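Heads up, the chain below is alone and in the form deposited in one PDB entry; it's given as structure tokens.
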């Protein structure tokens, strides 16, 4: 598959959390570590997205729209995938892994348990790298931004990625004629826990103890 193949190649290189053992552990250390990690990943996502066929020919405003609705889905799906071969831990990066006890120390228990629900589902499906990268692309195209101007063009991007996934499954998973549909039926859980995650920003902001960038605060309030 042309599209699956280029997506495999466009997969970004590992990113490291670079946590510092001289800062005493705390919910604040954990959360600001996750913020720096995520902003470096967001920068990688923009370069990555220009390898999605059709994405870079949308208007500036449409590209912003799609990415504004999908970035947390893309981030979480990466964490999900990196944890497939672990048990009840979330692999944020090779050097930043969270078990149940550290989730609680960070205030992220309920959120991380929701994510581990996704890990569990994809584990039993034996999710392949090929499927993960096409799912990531589909999460972007299917973001359901309310702002899109060129609805016809985004519908076409979803169809091209949808077609790539189905084609891949038709060839590599003939023992399951409905595997592509099973993959797509995990997307509602993905969007569910991105909304849970974005909503958590507001808890953190209200409590006021963890420092946030002033641009982020402005975005949150708006």
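Shifts are known only where both forms have a C-alpha. Positions refer to the first chain, counted from 1. Just so we're on the same page, rigid core means the largest C-alpha set that superposes within 1.5 Å between forms.
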| property | result |
| --- | --- |
| Average Cα temperature factor in the PDB entry - higher stretch of 94 to 102, 127 to 135 | 94 to 102 |
| Given 45 to 53 and 25 to 33, the range whose Cα B-factors average higher in the PDB entry | 25 to 33 |
| Candidate residues 61, 70, 153, 189, the one whose C-alpha B factor the record puts highest | 153 |
| Top Cα B factor in the deposited entry, candidates 182, 40, 162, 173 | 173 |
| Residue 222 CA temperature factor, ranked by third within the chain | highest |
| Third of chain Cα B-factors occupied by residue 113 | middle |
| Chain third (lowest, middle, highest) by recorded CA B-factor, residue given as residue 17 | highest |
| Lowest, middle or highest third - CA B-factor, residue 142 | lowest |
| Third of chain Cα B-factors occupied by residue 86 | highest |
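Another form exists, deposited with a partner chain bound; not displayed. Remarks below refer to it.
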property: Output flag, 46, 68 and 215 jointly within 4.5 Å of the partner chain in the entry with it bound, heavy atom basis; result: yes
property: is_contact(residue 33, the partner chain) in the entry with it bound, heavy atom dist at most 4.5 Å; result: no
property: Contact of residue 220 with the partner chain in the entry with it bound (heavy atom, 4.5 Å); result: no
property: Non-hydrogen atom contact residue 64 with the partner chain in the entry with it bound at 4.5 angstroms; result: yes
property: Residue 12 C-alpha shift between this form and the one not shown of 2 Å or more, rigid core reference; result: no
property: After fitting the core, residue 207 CA displacement of 2 Å or more between this form and the one not shown; result: yes
property: Core-superposed comparison between this form and the one not shown, runs of at least 3 residues with CA shifts of 2 Å or more; result: 201 to 203, 205 to 222
